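*Asks:* Before we start, here is the structure in question, set down as structure tokens.
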Amino acid sequence: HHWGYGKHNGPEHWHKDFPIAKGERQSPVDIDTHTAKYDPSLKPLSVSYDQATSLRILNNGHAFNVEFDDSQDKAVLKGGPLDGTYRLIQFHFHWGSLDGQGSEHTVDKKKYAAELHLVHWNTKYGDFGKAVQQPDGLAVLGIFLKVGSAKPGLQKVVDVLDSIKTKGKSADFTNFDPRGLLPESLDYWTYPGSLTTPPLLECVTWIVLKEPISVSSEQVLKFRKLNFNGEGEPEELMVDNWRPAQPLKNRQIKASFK
Ligand SMILES: [Zn+2]
């Protein structure tokens with residue numbers, strides 16, 4: 001038995017096992033665009049994915065992760081509000097049962113159909129496990145998804161989902177280029193936060209892009225065919241695997257644009 005996104009084990013229950021759920025820098029949050037302050041000291045983000053090496057795609061019971069080889073400096077995130085170099089380890093999404101919900105972060109209370117999270121860890125800490133124990137251990141690039149035109153670069157991901165329908169299933173997923181999932185503009189909002197799933201560690205520098213990417217209804221429909229359950233257990237569609245906005249508390253959201 002364990003945490004999930006159901007009535008009995010969902011986000012409002014997480015604090016019992018993970019008391020930090022009620023902490024001082026929890027994610028996600030609502031981004032109030034009018035209250036976010038432009039910070040002209042913020043540098044342009046540096047997204048260097050040319051040598052990215054995807055390996056595998058996994059249904060872990062809460063979402064699906066596209067994993068990358070992070071044993072060398074190959075896909076890295078630098079600049080922006082970041083000091084140092086962060087290595088891409090995996091990306092995953094959060095989505096809803098309906099196009100009107102699914103994103104974790106919200107913009108002026110607006111919920112997008114889904115949200116992509118490209119997770120990177122700070123190379124100064126040697127590995128992901130050690131990085132999550134540090135306040136500046138991770139950098140997660142969040143990108144909103146809206147339903148409209150299809151995202152060509154996402155199709156390869158969607159077509160493999162049938163092979164990892166249930167919890168615990170994985171499939172080879174090599175040569176996937178995450179650059180095909182990035183919007184045109186890299187304008188962003190940034191604030192100190194946490195993982196949005198248990199253990200909910202407060203180790204993340206969040207970088208959320210202003211510009212959403214568009215995906216087709218057919219593409220998101222396929223996300224909704226995945227299962228939270230394992231093979232041979234009652235089908236529970238993997239939908240609404242998003243944590244709602246948490247109190248901003250003593251934090252300021254900064255914008256890289258005016
Ligand atoms: Zn996430």
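In the structure tokens, chains take letters A, B, ... by order of appearance, with residues numbered from 1 within each chain and ligands from 1 in the order shown.
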Select from chain A every residue with an atom at most 9 Å from any atom of ligand 1, then for each give the shortest pair of atoms and their distance in Å to one decimal, using only C-alpha atoms and all ligand atoms, rows by chain and rising number, as a tab-separated table.

*Replies:*
```
residue	atom	partner	partner_atom_place_in_ligand_line	distance
A:63	CA	ligand 1	1 (Zn)	8.4
A:91	CA	ligand 1	1 (Zn)	7.9
A:92	CA	ligand 1	1 (Zn)	6.2
A:93	CA	ligand 1	1 (Zn)	6.0
A:94	CA	ligand 1	1 (Zn)	6.3
A:104	CA	ligand 1	1 (Zn)	8.0
A:115	CA	ligand 1	1 (Zn)	7.7
A:116	CA	ligand 1	1 (Zn)	7.0
A:117	CA	ligand 1	1 (Zn)	5.1
A:118	CA	ligand 1	1 (Zn)	8.1
A:119	CA	ligand 1	1 (Zn)	8.1
A:140	CA	ligand 1	1 (Zn)	8.4
A:142	CA	ligand 1	1 (Zn)	8.2
A:195	CA	ligand 1	1 (Zn)	7.2
A:196	CA	ligand 1	1 (Zn)	5.9
A:197	CA	ligand 1	1 (Zn)	7.1
A:242	CA	ligand 1	1 (Zn)	8.0
A:243	CA	ligand 1	1 (Zn)	9.0
```

*Asks:* Go through stretch 55-109 of chain A residue by residue and, counting only C-alpha atoms, keep those with an atom at most 6 Å from stretch 28-51 of chain A; for each kept residue give the shortest atom pair and its distance in Å to one decimal, ordered by chain and increasing number, as a tab-separated table.

*Replies:*
```
residue	atom	partner	partner_atom	distance
A:74	CA	A:51	CA	5.0
A:75	CA	A:49	CA	4.4
A:76	CA	A:48	CA	5.3
A:77	CA	A:47	CA	4.9
A:78	CA	A:46	CA	4.9
A:79	CA	A:45	CA	4.9
A:80	CA	A:45	CA	4.3
A:81	CA	A:42	CA	5.8
A:104	CA	A:28	CA	5.6
A:105	CA	A:28	CA	5.1
A:106	CA	A:30	CA	4.7
A:107	CA	A:31	CA	4.8
A:108	CA	A:32	CA	4.9
```

*Asks:* Now that the selection is made, can you save its residues with N, CA, C and O atoms as a tab-separated table (two decimals), in the first residue's frame?

*Replies:*
```tsv
chain	number	residue	atom	x	y	z
A	74	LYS	N	26.48	15.34	-21.21
A	74	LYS	CA	26.01	15.13	-22.57
A	74	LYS	C	24.76	15.95	-22.85
A	74	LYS	O	24.54	16.33	-24.07
A	75	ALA	N	23.74	15.94	-22.08
A	75	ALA	CA	22.60	16.84	-22.05
A	75	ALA	C	22.63	17.63	-20.74
A	75	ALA	O	22.34	17.07	-19.68
A	76	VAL	N	22.94	18.91	-20.84
A	76	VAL	CA	23.05	19.76	-19.65
A	76	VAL	C	22.26	21.07	-19.69
A	76	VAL	O	22.06	21.68	-20.73
A	77	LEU	N	21.86	21.47	-18.48
A	77	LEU	CA	21.14	22.72	-18.32
A	77	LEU	C	22.05	23.62	-17.48
A	77	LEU	O	22.56	23.19	-16.44
A	78	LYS	N	22.27	24.84	-17.93
A	78	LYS	CA	23.17	25.82	-17.31
A	78	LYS	C	22.58	27.24	-17.47
A	78	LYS	O	21.65	27.42	-18.17
A	79	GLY	N	23.19	28.20	-16.80
A	79	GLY	CA	22.74	29.57	-16.94
A	79	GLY	C	21.44	29.86	-16.23
A	79	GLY	O	21.05	29.14	-15.31
A	80	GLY	N	20.74	30.90	-16.67
A	80	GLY	CA	19.49	31.25	-16.03
A	80	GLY	C	19.78	31.59	-14.58
A	80	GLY	O	20.72	32.34	-14.30
A	81	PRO	N	19.00	31.05	-13.63
A	81	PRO	CA	19.22	31.32	-12.22
A	81	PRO	C	20.23	30.35	-11.62
A	81	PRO	O	20.61	30.47	-10.45
A	104	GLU	N	0.68	20.88	-13.19
A	104	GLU	CA	0.92	21.03	-11.76
A	104	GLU	C	1.05	22.52	-11.47
A	104	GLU	O	0.33	23.06	-10.62
A	105	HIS	N	1.95	23.21	-12.16
A	105	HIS	CA	2.02	24.64	-11.97
A	105	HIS	C	0.83	25.21	-12.72
A	105	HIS	O	0.33	24.60	-13.68
A	106	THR	N	0.37	26.37	-12.27
A	106	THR	CA	-0.72	27.05	-12.93
A	106	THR	C	-0.23	28.47	-13.17
A	106	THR	O	0.71	28.93	-12.53
A	107	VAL	N	-0.86	29.15	-14.12
A	107	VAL	CA	-0.48	30.52	-14.46
A	107	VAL	C	-1.73	31.36	-14.25
A	107	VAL	O	-2.71	31.23	-14.99
A	108	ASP	N	-1.70	32.22	-13.24
A	108	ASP	CA	-2.85	33.04	-12.90
A	108	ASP	C	-4.06	32.12	-12.76
A	108	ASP	O	-5.16	32.41	-13.26
```

*Asks:* Just the residues within 9 Å of stretch 209-214 of chain A, please, counting only C-alpha atoms, with nothing from its chain fewer than 2 positions along; format it as a CSV table (one decimal) with N, CA and C atoms, in the first residue's frame.

*Replies:*
```
chain,number,residue,atom,x,y,z
A,107,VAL,N,-0.9,29.2,-14.1
A,107,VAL,CA,-0.5,30.5,-14.5
A,107,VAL,C,-1.7,31.4,-14.3
A,112,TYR,N,-3.1,23.9,-17.4
A,112,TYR,CA,-2.9,23.4,-18.8
A,112,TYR,C,-3.3,21.9,-18.9
A,115,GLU,N,1.9,18.9,-18.3
A,115,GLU,CA,3.1,19.6,-18.0
A,115,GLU,C,4.3,18.6,-18.1
A,141,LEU,N,13.1,21.7,-15.5
A,141,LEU,CA,12.6,22.6,-16.5
A,141,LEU,C,11.2,22.1,-16.8
A,142,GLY,N,10.2,23.0,-16.5
A,142,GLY,CA,8.8,22.7,-16.7
A,142,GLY,C,8.3,23.4,-17.9
A,143,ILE,N,7.5,22.6,-18.7
A,143,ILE,CA,7.0,23.1,-20.0
A,143,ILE,C,5.5,22.7,-20.0
A,144,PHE,N,4.6,23.7,-20.2
A,144,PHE,CA,3.2,23.4,-20.3
A,144,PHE,C,2.8,22.9,-21.7
A,145,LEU,N,1.8,22.0,-21.7
A,145,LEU,CA,1.2,21.4,-22.9
A,145,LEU,C,-0.2,21.9,-23.0
A,146,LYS,N,-0.6,22.4,-24.2
A,146,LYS,CA,-2.0,22.7,-24.5
A,146,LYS,C,-2.4,21.9,-25.7
A,147,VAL,N,-3.7,21.6,-25.8
A,147,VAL,CA,-4.2,20.8,-26.9
A,147,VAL,C,-4.5,21.6,-28.1
A,148,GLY,N,-4.0,21.2,-29.2
A,148,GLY,CA,-4.2,21.9,-30.5
A,148,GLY,C,-3.5,21.2,-31.6
A,149,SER,N,-2.5,21.8,-32.2
A,149,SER,CA,-1.7,21.1,-33.2
A,149,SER,C,-0.8,20.1,-32.6
A,150,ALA,N,-0.5,19.0,-33.4
A,150,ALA,CA,0.3,18.0,-32.9
A,150,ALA,C,1.8,18.4,-32.7
A,151,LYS,N,2.5,17.8,-31.8
A,151,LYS,CA,3.9,18.1,-31.6
A,151,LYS,C,4.7,16.9,-32.3
A,181,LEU,N,10.9,18.7,-28.0
A,181,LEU,CA,9.8,19.0,-27.1
A,181,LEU,C,9.8,20.4,-26.5
A,182,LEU,N,10.8,21.2,-27.0
A,182,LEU,CA,11.0,22.6,-26.5
A,182,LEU,C,10.3,23.6,-27.4
A,183,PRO,N,9.6,24.6,-26.7
A,183,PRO,CA,8.9,25.7,-27.4
A,183,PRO,C,10.0,26.6,-28.0
A,184,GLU,N,9.5,27.5,-28.8
A,184,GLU,CA,10.4,28.4,-29.5
A,184,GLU,C,11.2,29.3,-28.5
A,185,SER,N,10.4,30.0,-27.6
A,185,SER,CA,11.0,30.9,-26.6
A,185,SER,C,11.5,30.2,-25.3
A,186,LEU,N,12.6,30.7,-24.7
A,186,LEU,CA,13.1,30.1,-23.5
A,186,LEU,C,12.8,31.1,-22.3
A,187,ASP,N,11.9,32.1,-22.5
A,187,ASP,CA,11.5,33.0,-21.5
A,187,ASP,C,10.9,32.1,-20.3
A,188,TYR,N,11.3,32.4,-19.1
A,188,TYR,CA,10.9,31.6,-18.0
A,188,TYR,C,10.6,32.3,-16.7
A,189,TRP,N,10.0,31.6,-15.7
A,189,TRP,CA,9.8,32.1,-14.4
A,189,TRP,C,10.6,31.1,-13.6
A,190,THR,N,11.1,31.5,-12.4
A,190,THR,CA,12.0,30.7,-11.6
A,190,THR,C,11.7,30.9,-10.1
A,207,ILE,N,12.4,26.0,-13.1
A,207,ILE,CA,12.5,26.9,-14.2
A,207,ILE,C,11.3,26.5,-15.1
A,216,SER,N,-1.5,17.3,-29.9
A,216,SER,CA,-2.8,17.1,-30.4
A,216,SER,C,-3.7,16.3,-29.4
```

*Asks:* Could you list, as a PyMOL selection string, every residue within 7 Å of residue A:193, counting only C-alpha atoms and ignoring same-chain residues fewer than 6 positions away?

*Replies:* chain A and resi 25-27+202-206

*Asks:* Save the residues we just selected, N, CA and C atoms, as an mmCIF file, in the first residue's frame?

*Replies:*
```cif
data_model
loop_
_atom_site.group_PDB
_atom_site.id
_atom_site.type_symbol
_atom_site.label_atom_id
_atom_site.label_comp_id
_atom_site.auth_asym_id
_atom_site.auth_seq_id
_atom_site.Cartn_x
_atom_site.Cartn_y
_atom_site.Cartn_z
ATOM 1 N N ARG A 25 8.937 25.221 1.167
ATOM 2 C CA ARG A 25 9.218 25.433 -0.255
ATOM 3 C C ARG A 25 8.720 24.266 -1.106
ATOM 4 N N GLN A 26 7.421 24.005 -1.008
ATOM 5 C CA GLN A 26 6.790 22.924 -1.751
ATOM 6 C C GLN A 26 6.332 23.349 -3.143
ATOM 7 N N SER A 27 6.301 22.380 -4.050
ATOM 8 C CA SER A 27 5.885 22.603 -5.428
ATOM 9 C C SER A 27 4.775 21.621 -5.770
ATOM 10 N N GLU A 202 12.872 19.190 -0.817
ATOM 11 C CA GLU A 202 13.005 20.597 -1.204
ATOM 12 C C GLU A 202 14.405 20.881 -1.732
ATOM 13 N N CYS A 203 14.623 20.349 -2.923
ATOM 14 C CA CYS A 203 15.929 20.361 -3.590
ATOM 15 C C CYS A 203 15.933 20.944 -5.022
ATOM 16 N N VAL A 204 14.800 21.529 -5.388
ATOM 17 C CA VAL A 204 14.643 21.967 -6.769
ATOM 18 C C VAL A 204 14.615 23.449 -7.088
ATOM 19 N N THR A 205 15.436 23.819 -8.021
ATOM 20 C CA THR A 205 15.277 25.130 -8.634
ATOM 21 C C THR A 205 14.372 25.055 -9.852
ATOM 22 N N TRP A 206 13.195 25.535 -9.719
ATOM 23 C CA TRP A 206 12.232 25.397 -10.794
ATOM 24 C C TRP A 206 12.414 26.465 -11.844
#
```

*Asks:* Pick the closest to residue A:232 from A:84, A:166, A:109, A:57: which is it, counting only C-alpha atoms?

*Replies:*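 Among A:84, A:166, A:109, A:57, it is A:166 that comes nearest to residue A:232.
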
*Asks:* Restricting the calculation to only C-alpha atoms, which member of A:222, A:255, A:19, A:3 is positioned closest to residue A:208?

*Replies:*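 For residue A:208, the nearest of the candidates is A:255.
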
*Asks:* When you look at residue A:199 with a cut-off of 10 Å (counting only C-alpha atoms), what residues show up, excluding the ones that are within fewer than 6 positions of it in the same chain? I need them as a tab-separated table (two decimals) with N, CA and C atoms, in the first residue's frame.

*Replies:*
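Here's the written file result04.tsv:
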```tsv
chain	number	residue	atom	x	y	z
A	14	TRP	N	-0.56	12.63	1.44
A	14	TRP	CA	0.90	12.50	1.45
A	14	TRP	C	1.64	12.96	2.70
A	15	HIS	N	1.15	14.00	3.35
A	15	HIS	CA	1.83	14.54	4.53
A	15	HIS	C	2.00	13.53	5.66
A	17	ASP	N	2.80	10.26	5.49
A	17	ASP	CA	4.11	9.62	5.28
A	17	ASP	C	5.28	10.53	5.04
A	18	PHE	N	4.98	11.72	4.49
A	18	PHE	CA	5.99	12.67	4.06
A	18	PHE	C	5.67	14.05	4.61
A	19	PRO	N	6.03	14.28	5.86
A	19	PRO	CA	5.60	15.48	6.53
A	19	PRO	C	6.07	16.78	5.85
A	20	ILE	N	7.16	16.68	5.10
A	20	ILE	CA	7.66	17.85	4.37
A	20	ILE	C	6.61	18.35	3.33
A	21	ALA	N	5.57	17.55	3.15
A	21	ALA	CA	4.51	17.96	2.23
A	21	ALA	C	3.92	19.30	2.64
A	132	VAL	N	19.56	15.13	-4.50
A	132	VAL	CA	18.24	15.42	-3.93
A	132	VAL	C	18.28	15.76	-2.45
```
